[PDB]
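Asks: This structure is in structure tokens; I'll ask about it shortly.
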Protein chains: 2
Amino acid sequence: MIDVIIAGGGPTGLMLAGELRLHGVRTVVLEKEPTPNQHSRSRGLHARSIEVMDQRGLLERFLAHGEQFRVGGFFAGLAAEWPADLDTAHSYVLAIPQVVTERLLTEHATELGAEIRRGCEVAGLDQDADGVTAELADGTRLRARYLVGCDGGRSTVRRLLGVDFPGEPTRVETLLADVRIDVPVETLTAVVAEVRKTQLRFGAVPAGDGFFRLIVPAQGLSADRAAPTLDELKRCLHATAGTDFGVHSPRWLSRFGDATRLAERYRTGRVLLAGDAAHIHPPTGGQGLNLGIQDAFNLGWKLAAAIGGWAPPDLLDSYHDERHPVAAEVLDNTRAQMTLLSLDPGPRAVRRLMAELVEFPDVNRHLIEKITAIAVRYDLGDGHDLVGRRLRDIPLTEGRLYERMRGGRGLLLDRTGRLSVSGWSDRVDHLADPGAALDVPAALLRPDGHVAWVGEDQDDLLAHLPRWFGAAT
Amino acid sequence: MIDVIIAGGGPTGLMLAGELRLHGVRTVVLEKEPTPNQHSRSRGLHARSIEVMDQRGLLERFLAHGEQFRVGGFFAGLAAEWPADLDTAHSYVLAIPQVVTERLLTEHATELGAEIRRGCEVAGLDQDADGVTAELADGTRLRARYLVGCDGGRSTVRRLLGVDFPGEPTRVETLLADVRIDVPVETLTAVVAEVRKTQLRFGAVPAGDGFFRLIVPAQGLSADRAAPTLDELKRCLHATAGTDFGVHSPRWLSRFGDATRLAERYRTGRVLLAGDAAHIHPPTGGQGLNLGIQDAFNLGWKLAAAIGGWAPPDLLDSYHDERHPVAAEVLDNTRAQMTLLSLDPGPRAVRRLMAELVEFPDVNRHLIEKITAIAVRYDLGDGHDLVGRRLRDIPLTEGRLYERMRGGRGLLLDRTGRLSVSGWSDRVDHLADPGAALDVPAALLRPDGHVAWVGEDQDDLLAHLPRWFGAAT
Ligand SMILES: Cc1cc2nc3c(=O)[nH]c(=O)nc-3n(C[C@H](O)[C@H](O)[C@H](O)COP(=O)(O)OP(=O)(O)OC[C@H]3O[C@@H](n4cnc5c(N)ncnc54)[C@H](O)[C@@H]3O)c2cc1C
Ligand SMILES: Cc1cc2nc3c(=O)[nH]c(=O)nc-3n(C[C@H](O)[C@H](O)[C@H](O)COP(=O)(O)OP(=O)(O)OC[C@H]3O[C@@H](n4cnc5c(N)ncnc54)[C@H](O)[C@@H]3O)c2cc1C
């Protein structure tokens, strides 16, 4: 029997499949497209996603297919330096195309035994007290204990669940185009720099093969929401840059809005939502793909705990309680960024003020920590500021903390030489290392790296173990 | 013969008259209203204006008619603490009604020998190579060497000069009302706090005599721009608070827009502009009256230098070069503040972000230093960061720096015990005090307190003296 069906083989579903396969969960990914999408939206990973890959041993292969960058401008394009005091051991951006990211995640989920089934489109679902049935577009049916809708921003699973998707509608539309041009690159760059003095939703990135990635504001809103024709691209280029640069031969044309919507419930019985299926927003700051990977990273071990039969009764609901607010804040900061990109005189004045403010180090650090998600703090109810946050990588006596996390289990980092997780040993590893560069006596880490407890008393630790690791065995 | 005619007896003109009378300038103020306006717009003075009064010995009488406050919320109503590290010796707000401020400034200009003429409205002007003629509404004429339009935001002088007044038109209108209500004050306060959770352009301040100062957003824009009727006040109260509180018996009704305009030239021959005559903007931050007082403080000694015949040929034009950019930045930060008061979802998201940012001390200090004008730096062409800024009050061996400035002349603060201003002694005082709490060897201060030179070489000081104090005598 299949334990979990994943609808959608994007980065969220692929990352989710990897996290489930770490614990033996029989996992089938139903991906509707017959062949992988060759068009990249995302252009890299932010610090928290980079850490997550390192916690799972995948950073080396990601670094081998990407380039590290330490540049500014990630909050509404506000030029700045990279914050020199970012509280991460992975303080950089990893430039890597989403097609490459999906490739690496596909290969890792496969080698762990996840079953990827392409050309399989979920069309219906029927759940009861024991499992979920997925109905494919060809009439075939698949049965599992749980189904997770990782099927993108226009999620079939979300619609079939009737989950409300409230937020702000699209009011600003932008065009996307991979095209060839009739001007030299230096001519394109000169015009772009002139337009970007006021209109920052205009840009051009070469693809290296003679094609150019163009971003250009749309004119009004479209009724069809369909892909723009080449003619529409030329009209918007003329309106924004005064010329269409002789664009021709598009190999990709697209239109995206700035709508911000959030699923009201991440869980409906035995069906859950993750990634763009649970939340949509503009790509300001490059947060969507990171937000989806970290949804799967939060959900994986919890869902595996359910399949394993040791999950506490509130564990699975903690996926919603923790990730729904994180997405709500992402949506809010993209609405703020979009306003800072507005041409209206009011927002322009606020933008100039933000330019003054980001010159202060604690502002620049605060904005980047927001964009890169390294400052996310779940409300776990404890007074300690570290509890609820992810623990950064730290040097041990030999090696580093993240090298001990590749199994996806719990981890008690103990410097007292006195604590014990006896009774939860199959679920929580005991890292007794007084030489660990951490200024707490001990820290209990969930399998997602988030701190669940800090202290030095054994009896205090024993009372905090059952919430995230169930009953002692 | 009259040296200077001042059109308008508001705080700008009254402050200007005081600065001119310090140097014997025969000064006539032509104020159109027969009796002083008893309605206050401003509710106090910010730090730079407070310092300016202390430099002229007027702070004691201002403090005796006002109350000192150290509270937050001066930038777009963003709640915060008063910055604990504000770089002023006068780190507070002086709560004092504008009617009281105008009263104190009227009495001080009079006791210095300025001639205030009420019921005198400037209707025309005619200038030539030798002077200016003011034509009053009753056909009488007055002749002087210079005329300064300090006649408010709808300046007659500005219009007659044909000076362009570019900027942003009014797009947001707000109502003002001194009225009585039919509800207890605690009922008014409860409703106000509920509305101010989203609409921050709504407020109520008691007047102490049973009347209440109401601020309420208007509905759209008015064609007449005339004063709102009581009916219009009730409609806007219902729309914004759901009730009109039983408002009745208005003793003041007003409407103001958010237009931001700036005179293209502060000087036209022998006619200059100052205060609201040179710039209009919303009252966000309470900056207008301070901006006007500091216009007069910049212009006074320069205009007196012209009348005295020792002004360098570029001195009078430096009034525009220094004050026009200062006003432009005030206008810009009020457009930013208005956006932060917008109800639209975009600006609301940016406001929440600003609320996060102002918790950082250097942000809170930066915004308040902007509002209170203590960080204004004129571009005097020198590399030293202090040059162009006003020097804060500092302790001397005995007393403080500002006590030596009441004559409105130049001041060389010398700690080397070696420098000399011989040749400019009638215009620049020599404060030789090695015990002065200032970490420069010496600083040359203009009569407005702004630093013109810093160093220790006598020959370097002699080359900088003529620019602001003319030829040696
Ligand atoms: C222009 C642009 C630029 C962006 N730039 C960045 C960036 O720089 N950084 C960043 O982090 N993010 C960025 N994003 C966002 C990022 O691309 C998305 O958030 C990311 O793809 C989300 O992954 P996902 O797996 O949730 O969903 P998706 O990638 O949408 O994939 C879901 C999968 O479900 C499949 N599917 C759909 N329906 C069904 C069905 N019924 N049955 C089975 N399978 C189905 C789809 O074929 C697809 O493969 C950008 C987005 C855009 C539009
Ligand atoms: C609601 C509101 C709240 C405000 N709150 C604050 C605040 O908290 N802090 C702050 O600093 N500022 C505030 N301001 C702004 C401040 O009130 C003005 O900037 C200030 O009055 C400017 O002074 P002024 O002397 O230039 O001009 P004004 O005060 O306008 O006075 C000019 C004078 O010229 C006279 N006059 C006009 N035409 C003629 C003519 N033809 N001949 C002769 N005389 C003439 C007028 O009668 C008047 O007395 C506020 C403004 C408003 C509307």
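In the structure tokens, the first chain shown is A, the next is B, and so on; residue numbers restart at 1 for each chain, and ligands run from 1 in the order shown.
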Find the residues of chain A that sit at most 7 Å from ligand 1; for each, write down the nearest two atoms and how far apart they are in Å, to one decimal. Count only C-alpha atoms and all ligand atoms. Sort by chain, then by number going up, and give it as a Markdown table.
Replies:
| residue | atom | partner | partner_atom_place_in_ligand_line | distance |
| --- | --- | --- | --- | --- |
| A:7 | CA | ligand 1 | 43 (C) | 4.7 |
| A:8 | CA | ligand 1 | 34 (O) | 3.3 |
| A:9 | CA | ligand 1 | 49 (O) | 4.8 |
| A:10 | CA | ligand 1 | 25 (O) | 3.4 |
| A:11 | CA | ligand 1 | 25 (O) | 4.0 |
| A:12 | CA | ligand 1 | 25 (O) | 3.7 |
| A:13 | CA | ligand 1 | 25 (O) | 5.5 |
| A:30 | CA | ligand 1 | 43 (C) | 5.2 |
| A:31 | CA | ligand 1 | 44 (N) | 4.0 |
| A:32 | CA | ligand 1 | 44 (N) | 4.0 |
| A:33 | CA | ligand 1 | 47 (O) | 5.1 |
| A:41 | CA | ligand 1 | 3 (C) | 4.1 |
| A:42 | CA | ligand 1 | 6 (C) | 3.4 |
| A:43 | CA | ligand 1 | 8 (O) | 4.6 |
| A:44 | CA | ligand 1 | 9 (N) | 5.8 |
| A:45 | CA | ligand 1 | 11 (O) | 6.1 |
| A:120 | CA | ligand 1 | 43 (C) | 6.0 |
| A:121 | CA | ligand 1 | 42 (N) | 3.7 |
| A:122 | CA | ligand 1 | 42 (N) | 3.9 |
| A:123 | CA | ligand 1 | 41 (N) | 5.7 |
| A:150 | CA | ligand 1 | 26 (O) | 5.5 |
| A:151 | CA | ligand 1 | 34 (O) | 3.3 |
| A:152 | CA | ligand 1 | 30 (O) | 3.5 |
| A:153 | CA | ligand 1 | 30 (O) | 5.9 |
| A:155 | CA | ligand 1 | 38 (N) | 5.8 |
| A:156 | CA | ligand 1 | 41 (N) | 4.9 |
| A:157 | CA | ligand 1 | 41 (N) | 7.0 |
| A:176 | CA | ligand 1 | 1 (C) | 6.9 |
| A:256 | CA | ligand 1 | 53 (C) | 6.3 |
| A:274 | CA | ligand 1 | 26 (O) | 6.5 |
| A:275 | CA | ligand 1 | 26 (O) | 3.5 |
| A:276 | CA | ligand 1 | 26 (O) | 4.1 |
| A:277 | CA | ligand 1 | 26 (O) | 6.1 |
| A:283 | CA | ligand 1 | 4 (C) | 4.8 |
| A:285 | CA | ligand 1 | 8 (O) | 6.9 |
| A:286 | CA | ligand 1 | 9 (N) | 3.3 |
| A:287 | CA | ligand 1 | 11 (O) | 4.1 |
| A:288 | CA | ligand 1 | 19 (O) | 3.4 |
| A:289 | CA | ligand 1 | 11 (O) | 3.4 |
| A:290 | CA | ligand 1 | 11 (O) | 4.5 |
| A:291 | CA | ligand 1 | 11 (O) | 6.9 |
| A:292 | CA | ligand 1 | 26 (O) | 5.2 |
Asks: What residues in chain A lie within 10 Å of chain B, counting only C-alpha atoms, written as a PDB file with N, CA, C and O atoms, in the first residue's frame?
Replies:
ATOM      1  N   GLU A 168      -5.658  39.375  -1.579  1.00  0.00           N
ATOM      2  CA  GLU A 168      -5.816  40.530  -2.451  1.00  0.00           C
ATOM      3  C   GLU A 168      -5.773  40.095  -3.905  1.00  0.00           C
ATOM      4  O   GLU A 168      -4.885  39.321  -4.287  1.00  0.00           O
ATOM      5  N   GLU A 329       3.136  36.314   6.282  1.00  0.00           N
ATOM      6  CA  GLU A 329       4.106  37.401   6.361  1.00  0.00           C
ATOM      7  C   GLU A 329       4.863  37.569   5.050  1.00  0.00           C
ATOM      8  O   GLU A 329       5.213  38.692   4.671  1.00  0.00           O
ATOM      9  N   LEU A 331       3.527  36.976   2.059  1.00  0.00           N
ATOM     10  CA  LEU A 331       2.555  37.709   1.252  1.00  0.00           C
ATOM     11  C   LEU A 331       2.553  39.190   1.602  1.00  0.00           C
ATOM     12  O   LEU A 331       2.492  40.045   0.712  1.00  0.00           O
ATOM     13  N   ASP A 332       2.627  39.513   2.895  1.00  0.00           N
ATOM     14  CA  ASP A 332       2.572  40.912   3.305  1.00  0.00           C
ATOM     15  C   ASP A 332       3.813  41.675   2.852  1.00  0.00           C
ATOM     16  O   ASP A 332       3.707  42.824   2.409  1.00  0.00           O
ATOM     17  N   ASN A 333       4.996  41.060   2.943  1.00  0.00           N
ATOM     18  CA  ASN A 333       6.194  41.793   2.552  1.00  0.00           C
ATOM     19  C   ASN A 333       6.310  41.934   1.038  1.00  0.00           C
ATOM     20  O   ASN A 333       7.005  42.842   0.571  1.00  0.00           O
ATOM     21  N   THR A 334       5.643  41.073   0.262  1.00  0.00           N
ATOM     22  CA  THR A 334       5.613  41.277  -1.182  1.00  0.00           C
ATOM     23  C   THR A 334       4.662  42.400  -1.571  1.00  0.00           C
ATOM     24  O   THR A 334       4.921  43.111  -2.548  1.00  0.00           O
ATOM     25  N   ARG A 335       3.560  42.570  -0.835  1.00  0.00           N
ATOM     26  CA  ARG A 335       2.715  43.738  -1.053  1.00  0.00           C
ATOM     27  C   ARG A 335       3.473  45.021  -0.732  1.00  0.00           C
ATOM     28  O   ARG A 335       3.321  46.032  -1.428  1.00  0.00           O
ATOM     29  N   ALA A 336       4.302  44.995   0.315  1.00  0.00           N
ATOM     30  CA  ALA A 336       5.140  46.148   0.625  1.00  0.00           C
ATOM     31  C   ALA A 336       6.165  46.402  -0.475  1.00  0.00           C
ATOM     32  O   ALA A 336       6.384  47.553  -0.871  1.00  0.00           O
ATOM     33  N   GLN A 337       6.810  45.343  -0.974  1.00  0.00           N
ATOM     34  CA  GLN A 337       7.807  45.516  -2.027  1.00  0.00           C
ATOM     35  C   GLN A 337       7.179  46.062  -3.301  1.00  0.00           C
ATOM     36  O   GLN A 337       7.756  46.938  -3.957  1.00  0.00           O
ATOM     37  N   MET A 338       6.002  45.549  -3.676  1.00  0.00           N
ATOM     38  CA  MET A 338       5.332  46.030  -4.882  1.00  0.00           C
ATOM     39  C   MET A 338       5.035  47.520  -4.789  1.00  0.00           C
ATOM     40  O   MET A 338       5.187  48.252  -5.774  1.00  0.00           O
ATOM     41  N   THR A 339       4.598  47.985  -3.616  1.00  0.00           N
ATOM     42  CA  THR A 339       4.348  49.411  -3.430  1.00  0.00           C
ATOM     43  C   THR A 339       5.625  50.219  -3.614  1.00  0.00           C
ATOM     44  O   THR A 339       5.609  51.294  -4.225  1.00  0.00           O
ATOM     45  N   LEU A 340       6.746  49.713  -3.095  1.00  0.00           N
ATOM     46  CA  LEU A 340       8.029  50.374  -3.287  1.00  0.00           C
ATOM     47  C   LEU A 340       8.474  50.383  -4.743  1.00  0.00           C
ATOM     48  O   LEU A 340       9.384  51.143  -5.089  1.00  0.00           O
ATOM     49  N   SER A 342       6.168  51.064  -7.114  1.00  0.00           N
ATOM     50  CA  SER A 342       5.143  51.848  -7.789  1.00  0.00           C
ATOM     51  C   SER A 342       5.725  53.136  -8.361  1.00  0.00           C
ATOM     52  O   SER A 342       6.680  53.709  -7.828  1.00  0.00           O
ATOM     53  N   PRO A 345       3.761  59.134  -7.100  1.00  0.00           N
ATOM     54  CA  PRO A 345       4.674  60.024  -6.360  1.00  0.00           C
ATOM     55  C   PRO A 345       4.774  59.703  -4.881  1.00  0.00           C
ATOM     56  O   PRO A 345       5.849  59.857  -4.288  1.00  0.00           O
ATOM     57  N   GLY A 346       3.676  59.274  -4.267  1.00  0.00           N
ATOM     58  CA  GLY A 346       3.680  58.877  -2.880  1.00  0.00           C
ATOM     59  C   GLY A 346       4.665  57.759  -2.605  1.00  0.00           C
ATOM     60  O   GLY A 346       5.645  57.930  -1.874  1.00  0.00           O
ATOM     61  N   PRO A 347       4.414  56.586  -3.191  1.00  0.00           N
ATOM     62  CA  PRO A 347       5.358  55.464  -3.046  1.00  0.00           C
ATOM     63  C   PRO A 347       6.792  55.782  -3.444  1.00  0.00           C
ATOM     64  O   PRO A 347       7.723  55.222  -2.847  1.00  0.00           O
ATOM     65  N   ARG A 348       7.006  56.644  -4.442  1.00  0.00           N
ATOM     66  CA  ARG A 348       8.366  57.056  -4.778  1.00  0.00           C
ATOM     67  C   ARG A 348       9.027  57.763  -3.601  1.00  0.00           C
ATOM     68  O   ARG A 348      10.214  57.554  -3.326  1.00  0.00           O
ATOM     69  N   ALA A 349       8.272  58.606  -2.892  1.00  0.00           N
ATOM     70  CA  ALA A 349       8.819  59.280  -1.720  1.00  0.00           C
ATOM     71  C   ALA A 349       9.162  58.279  -0.624  1.00  0.00           C
ATOM     72  O   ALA A 349      10.208  58.392   0.027  1.00  0.00           O
ATOM     73  N   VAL A 350       8.299  57.282  -0.413  1.00  0.00           N
ATOM     74  CA  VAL A 350       8.588  56.257   0.585  1.00  0.00           C
ATOM     75  C   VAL A 350       9.802  55.439   0.166  1.00  0.00           C
ATOM     76  O   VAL A 350      10.603  55.012   1.007  1.00  0.00           O
ATOM     77  N   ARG A 351       9.964  55.212  -1.141  1.00  0.00           N
ATOM     78  CA  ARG A 351      11.116  54.450  -1.611  1.00  0.00           C
ATOM     79  C   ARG A 351      12.415  55.189  -1.314  1.00  0.00           C
ATOM     80  O   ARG A 351      13.390  54.590  -0.846  1.00  0.00           O
ATOM     81  N   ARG A 352      12.448  56.495  -1.594  1.00  0.00           N
ATOM     82  CA  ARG A 352      13.632  57.291  -1.277  1.00  0.00           C
ATOM     83  C   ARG A 352      13.958  57.222   0.209  1.00  0.00           C
ATOM     84  O   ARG A 352      15.132  57.158   0.593  1.00  0.00           O
ATOM     85  N   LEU A 353      12.929  57.221   1.058  1.00  0.00           N
ATOM     86  CA  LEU A 353      13.146  57.084   2.492  1.00  0.00           C
ATOM     87  C   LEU A 353      13.726  55.718   2.834  1.00  0.00           C
ATOM     88  O   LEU A 353      14.636  55.617   3.665  1.00  0.00           O
ATOM     89  N   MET A 354      13.212  54.656   2.207  1.00  0.00           N
ATOM     90  CA  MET A 354      13.760  53.324   2.442  1.00  0.00           C
ATOM     91  C   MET A 354      15.215  53.250   2.007  1.00  0.00           C
ATOM     92  O   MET A 354      16.021  52.555   2.635  1.00  0.00           O
ATOM     93  N   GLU A 356      17.390  55.646   2.224  1.00  0.00           N
ATOM     94  CA  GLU A 356      18.130  56.186   3.359  1.00  0.00           C
ATOM     95  C   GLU A 356      18.245  55.158   4.476  1.00  0.00           C
ATOM     96  O   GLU A 356      19.304  55.022   5.100  1.00  0.00           O
ATOM     97  N   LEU A 357      17.165  54.416   4.735  1.00  0.00           N
ATOM     98  CA  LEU A 357      17.120  53.558   5.916  1.00  0.00           C
ATOM     99  C   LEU A 357      17.990  52.318   5.747  1.00  0.00           C
ATOM    100  O   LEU A 357      18.629  51.874   6.707  1.00  0.00           O
ATOM    101  N   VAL A 358      18.036  51.746   4.540  1.00  0.00           N
ATOM    102  CA  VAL A 358      18.811  50.526   4.330  1.00  0.00           C
ATOM    103  C   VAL A 358      20.311  50.751   4.423  1.00  0.00           C
ATOM    104  O   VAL A 358      21.071  49.776   4.455  1.00  0.00           O
ATOM    105  N   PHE A 360      21.571  51.894   7.066  1.00  0.00           N
ATOM    106  CA  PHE A 360      21.842  51.452   8.426  1.00  0.00           C
ATOM    107  C   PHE A 360      22.018  49.937   8.444  1.00  0.00           C
ATOM    108  O   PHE A 360      21.198  49.219   7.861  1.00  0.00           O
ATOM    109  N   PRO A 361      23.072  49.422   9.081  1.00  0.00           N
ATOM    110  CA  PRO A 361      23.293  47.965   9.065  1.00  0.00           C
ATOM    111  C   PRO A 361      22.136  47.145   9.617  1.00  0.00           C
ATOM    112  O   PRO A 361      21.809  46.103   9.040  1.00  0.00           O
ATOM    113  N   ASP A 362      21.501  47.568  10.715  1.00  0.00           N
ATOM    114  CA  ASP A 362      20.432  46.748  11.272  1.00  0.00           C
ATOM    115  C   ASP A 362      19.178  46.748  10.401  1.00  0.00           C
ATOM    116  O   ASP A 362      18.386  45.806  10.493  1.00  0.00           O
ATOM    117  N   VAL A 363      18.982  47.763   9.555  1.00  0.00           N
ATOM    118  CA  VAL A 363      17.878  47.726   8.600  1.00  0.00           C
ATOM    119  C   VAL A 363      18.176  46.738   7.484  1.00  0.00           C
ATOM    120  O   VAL A 363      17.362  45.860   7.172  1.00  0.00           O
ATOM    121  N   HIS A 366      17.871  43.337   8.714  1.00  0.00           N
ATOM    122  CA  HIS A 366      16.496  42.946   9.016  1.00  0.00           C
ATOM    123  C   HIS A 366      15.736  42.574   7.752  1.00  0.00           C
ATOM    124  O   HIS A 366      14.986  41.590   7.736  1.00  0.00           O
ATOM    125  N   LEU A 367      15.917  43.348   6.680  1.00  0.00           N
ATOM    126  CA  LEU A 367      15.211  43.065   5.435  1.00  0.00           C
ATOM    127  C   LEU A 367      15.700  41.767   4.802  1.00  0.00           C
ATOM    128  O   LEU A 367      14.897  40.975   4.296  1.00  0.00           O
TER     129      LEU A 367
END
Asks: Looking only at helix (DSSP H, G or I) from DSSP on the backbone, list the matching residues of range 338-439 of chain A as a VMD selection string.
Replies: chain A and resid 338 to 340 345 to 357 361 to 371 401 to 404
Asks: Just the selected residues (N, CA and C atoms), exported as a short mmCIF file (atom, residue, chain, number, x, y, z; two decimals), in the first residue's frame, please.
Replies:
data_model
loop_
_atom_site.label_atom_id
_atom_site.label_comp_id
_atom_site.auth_asym_id
_atom_site.auth_seq_id
_atom_site.Cartn_x
_atom_site.Cartn_y
_atom_site.Cartn_z
N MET A 338 6.00 45.55 -3.68
CA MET A 338 5.33 46.03 -4.88
C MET A 338 5.03 47.52 -4.79
N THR A 339 4.60 47.99 -3.62
CA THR A 339 4.35 49.41 -3.43
C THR A 339 5.62 50.22 -3.61
N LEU A 340 6.75 49.71 -3.10
CA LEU A 340 8.03 50.37 -3.29
C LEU A 340 8.47 50.38 -4.74
N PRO A 345 3.76 59.13 -7.10
CA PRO A 345 4.67 60.02 -6.36
C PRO A 345 4.77 59.70 -4.88
N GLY A 346 3.68 59.27 -4.27
CA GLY A 346 3.68 58.88 -2.88
C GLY A 346 4.66 57.76 -2.60
N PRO A 347 4.41 56.59 -3.19
CA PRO A 347 5.36 55.46 -3.05
C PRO A 347 6.79 55.78 -3.44
N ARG A 348 7.01 56.64 -4.44
CA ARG A 348 8.37 57.06 -4.78
C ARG A 348 9.03 57.76 -3.60
N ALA A 349 8.27 58.61 -2.89
CA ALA A 349 8.82 59.28 -1.72
C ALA A 349 9.16 58.28 -0.62
N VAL A 350 8.30 57.28 -0.41
CA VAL A 350 8.59 56.26 0.58
C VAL A 350 9.80 55.44 0.17
N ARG A 351 9.96 55.21 -1.14
CA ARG A 351 11.12 54.45 -1.61
C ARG A 351 12.42 55.19 -1.31
N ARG A 352 12.45 56.50 -1.59
CA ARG A 352 13.63 57.29 -1.28
C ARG A 352 13.96 57.22 0.21
N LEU A 353 12.93 57.22 1.06
CA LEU A 353 13.15 57.08 2.49
C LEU A 353 13.73 55.72 2.83
N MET A 354 13.21 54.66 2.21
CA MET A 354 13.76 53.32 2.44
C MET A 354 15.21 53.25 2.01
N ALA A 355 15.57 53.96 0.93
CA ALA A 355 16.96 53.98 0.49
C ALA A 355 17.86 54.60 1.55
N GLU A 356 17.39 55.65 2.22
CA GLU A 356 18.13 56.19 3.36
C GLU A 356 18.25 55.16 4.48
N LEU A 357 17.16 54.42 4.73
CA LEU A 357 17.12 53.56 5.92
C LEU A 357 17.99 52.32 5.75
N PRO A 361 23.07 49.42 9.08
CA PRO A 361 23.29 47.97 9.06
C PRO A 361 22.14 47.14 9.62
N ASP A 362 21.50 47.57 10.72
CA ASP A 362 20.43 46.75 11.27
C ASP A 362 19.18 46.75 10.40
N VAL A 363 18.98 47.76 9.56
CA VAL A 363 17.88 47.73 8.60
C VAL A 363 18.18 46.74 7.48
N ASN A 364 19.34 46.89 6.84
CA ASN A 364 19.73 45.99 5.77
C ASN A 364 19.70 44.54 6.22
N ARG A 365 20.19 44.27 7.43
CA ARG A 365 20.16 42.91 7.95
C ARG A 365 18.73 42.44 8.21
N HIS A 366 17.87 43.34 8.71
CA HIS A 366 16.50 42.95 9.02
C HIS A 366 15.74 42.57 7.75
N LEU A 367 15.92 43.35 6.68
CA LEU A 367 15.21 43.07 5.44
C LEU A 367 15.70 41.77 4.80
N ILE A 368 17.01 41.53 4.82
CA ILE A 368 17.56 40.33 4.20
C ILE A 368 17.22 39.10 5.02
N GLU A 369 17.26 39.21 6.35
CA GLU A 369 16.83 38.09 7.19
C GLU A 369 15.38 37.73 6.94
N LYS A 370 14.54 38.73 6.62
CA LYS A 370 13.16 38.46 6.26
C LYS A 370 13.07 37.72 4.93
N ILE A 371 13.77 38.23 3.91
CA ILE A 371 13.68 37.64 2.57
C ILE A 371 14.22 36.22 2.57
N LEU A 401 27.54 20.81 13.09
CA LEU A 401 26.24 20.30 13.53
C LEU A 401 25.46 19.69 12.37
N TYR A 402 25.41 20.38 11.23
CA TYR A 402 24.55 19.96 10.13
C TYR A 402 24.95 18.61 9.55
N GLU A 403 26.19 18.17 9.75
CA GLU A 403 26.60 16.86 9.25
C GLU A 403 25.96 15.72 10.02
N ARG A 404 25.40 16.00 11.20
CA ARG A 404 24.77 14.99 12.04
C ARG A 404 23.27 14.87 11.79
#
Asks: At a cut-off of 8 Å, using only C-alpha atoms, what residues contact range 160-167 of chain B? Leave out same-chain residues fewer than 4 positions from it and give the result as a VMD selection string.
Replies: chain B and resid 124 to 125 156 259 to 265 268
Asks: Counting only C-alpha atoms, which residue out of B:130, B:115, B:314, B:321 sits closest to residue 266 in chain B?
Replies: B:321
Asks: DSSP says strand (DSSP E) for which residues of range 148-321 of chain A? Put them as a PyMOL selection string?
Replies: chain A and resi 148-149+167-168+173-180+203-206+212-217+248-257+260-262+267-268+271-273+279-280
Asks: Would you save the residues of that selection, restricted to C-alpha atoms, as a tab-separated table (two decimals), in the first residue's frame?
Replies:
chain	number	residue	atom	x	y	z
A	148	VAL	CA	-0.55	16.22	-0.21
A	149	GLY	CA	-1.47	18.80	-2.81
A	167	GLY	CA	-6.37	37.60	-0.12
A	168	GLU	CA	-5.82	40.53	-2.45
A	173	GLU	CA	0.45	42.56	-14.16
A	174	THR	CA	3.94	42.02	-15.56
A	175	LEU	CA	5.11	40.30	-18.74
A	176	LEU	CA	7.89	37.74	-19.17
A	177	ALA	CA	9.66	36.84	-22.40
A	178	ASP	CA	12.61	34.78	-23.63
A	179	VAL	CA	13.29	36.39	-27.01
A	180	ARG	CA	16.01	37.40	-29.45
A	203	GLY	CA	14.82	44.43	-16.88
A	204	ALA	CA	16.82	42.27	-19.25
A	205	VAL	CA	19.01	39.25	-18.48
A	206	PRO	CA	20.90	37.42	-21.25
A	212	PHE	CA	17.28	37.48	-23.53
A	213	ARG	CA	14.98	37.26	-20.51
A	214	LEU	CA	12.77	40.36	-20.55
A	215	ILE	CA	10.59	41.65	-17.72
A	216	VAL	CA	8.20	44.43	-18.71
A	217	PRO	CA	5.08	45.92	-17.08
A	248	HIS	CA	11.45	38.28	-32.36
A	249	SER	CA	11.37	34.49	-32.16
A	250	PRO	CA	9.97	34.07	-28.61
A	251	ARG	CA	10.64	30.69	-27.02
A	252	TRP	CA	8.62	31.72	-23.94
A	253	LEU	CA	5.88	34.29	-23.28
A	254	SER	CA	4.14	34.71	-19.94
A	255	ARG	CA	2.08	37.02	-17.74
A	256	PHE	CA	1.93	37.07	-13.94
A	257	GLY	CA	-0.04	39.17	-11.49
A	260	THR	CA	-1.55	37.48	-2.73
A	261	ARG	CA	-3.69	34.56	-1.59
A	262	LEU	CA	-3.36	32.08	1.26
A	267	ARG	CA	-5.02	20.44	6.23
A	268	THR	CA	-8.43	18.98	5.34
A	271	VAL	CA	-5.35	15.89	2.54
A	272	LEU	CA	-2.83	18.70	3.03
A	273	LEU	CA	-1.49	21.56	0.89
A	279	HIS	CA	-0.08	30.42	-1.17
A	280	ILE	CA	0.57	32.68	-4.16
Asks: For the atom pair CA of residue 209 in chain B and CA of residue 61 in chain B, what is the interatomic distance in Å to one decimal place?
Replies: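 Atom-to-atom, CA of residue 209 in chain B and CA of residue 61 in chain B are spaced 24.6 Å apart.
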